[PDB]
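Listed below are the residues making up each chain.
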Amino acid sequence: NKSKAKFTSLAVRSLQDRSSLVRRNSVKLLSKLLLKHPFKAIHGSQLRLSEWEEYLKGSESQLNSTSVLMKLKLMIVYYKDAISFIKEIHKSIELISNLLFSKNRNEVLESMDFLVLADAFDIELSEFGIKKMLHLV
DNA sequence: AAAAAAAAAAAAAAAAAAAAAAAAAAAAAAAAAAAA
């Protein structure tokens, strides 16, 4: 699970690569990572930045107010990892939305598939991606 | 006191060649058809 964040960061960085095939494969990797993630034990299949931030704030308040110490520590580090992953996915979504207008059709199709998958899970910036996709006519 | 002969502007066509636009070669990914 730890290497998942590294793979996501490398894929987001490679999204800006000059080669088109590399970009399509990075989009595929991000789609595969978003389709199944370890972040499903609690409130699975729902990636909302506001809700996760509120949950993290609640956990921080609970810790501020024997097993309790490290249990809250693990919960907080898990929530921080979730927030970082959500931010990375949001940045990747923005990059792919900017990347929608490409000469190669396979890249466009994979970008549309990734945006649809990201829209399937409730995402605040998914509507922007759908709006950008609407101009593909 | 016309008439050859040399010098000089004016003007055709001809030869030239490397630089750039356009097309082919090579490796790899994707889509369709055939065999198990």
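- By the method listed in its record, cryo-EM, this PDB entry was determined to a resolution of 3 Å.

**Here we look at the layout of surface pockets**
Here is step 1 of the chain: Estimates place the volume of the largest pocket at around 370 Å³.
Here is step 2 of the chain: As for the largest pocket, its lining consists of 16 residues, of which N1, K4, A5, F39 and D81 are closest to the centre.
Here is step 3 of the chain: Of all the elements in the fold, those that place two or more residues in the lining of the largest pocket are α1 (2–14) and α4 (67–99).

**Remarks on the packing of aromatic side chains**
Here is step 1 of the chain: Going through the model one piece at a time under the given rule, you end up with four aromatic pairs.
Here is step 2 of the chain: Ring centres of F39 and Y78 lie 5.2 Å apart, and the angle between their planes is 80°; this geometry places the pair in the edge-to-face category.
Here is step 3 of the chain: The class for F39 is buried, based on a relative accessible area of 16%.
Here is step 4 of the chain: Aromatic side chains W52 and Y79 sit 5.4 Å apart centroid to centroid with 70° between the ring planes, which places their arrangement in the edge-to-face category.
Here is step 5 of the chain: Look at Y79 and you get buried, because its relative accessible area is 11%.

**What about the pattern of salt bridges?**
Here is step 1 of the chain: Counted according to the given criterion, the structure contains three salt bridges.
Here is step 2 of the chain: The partner of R48 in a salt bridge is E51, and the shortest N-O contact between them spans 3.8 Å.
Here is step 3 of the chain: Look at the salt bridges and you will find they share partners, linking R48, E51 and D122 into a network.

**Some thoughts on helix α2 (residues 20–35)**
Here is step 1 of the chain: Over its 16 residues, α2 runs 22 Å from end to end, which matches the ideal 22 Å to within 8%, given 1.5 Å per residue.
Here is step 2 of the chain: Looking at α2, one finds that the buried residues are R23, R24, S26, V27, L30, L33 and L34.
Here is step 3 of the chain: Residues of α2 that are buried sit in contact with α1, α4 and α5 (105–120).

Conventions we followed
Residues numbered from 1 in each chain as written, not as in the entry; some residues may be left out. Chains lettered and ligands numbered in written order. Part of a larger assembly, values for the part shown. Heavy atoms only, no water. 1 Å grid on protein atoms, 1.4 Å probe; cavity = no way out; pocket = protein on both sides within 12 Å on 5 of 7 lines; lining within 4 Å. Points joined across faces, edges and corners; volume = space filled by probe spheres on them. Helix = DSSP H or I, 4+ residues; strand = E, 2+ residues; numbered from the N terminus. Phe/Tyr/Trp six-rings, centres within 6.5 Å; stacked < 30°, edge-to-face > 60°. Buried < 20%, exposed > 50% of the residue type's maximum accessible area, 1.4 Å probe, protein only. Salt bridge = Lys/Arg side-chain N within 4 Å of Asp/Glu carboxyl O. Expected span 1.5 Å × (residues − 1). Contact = heavy atoms within 4.5 Å.

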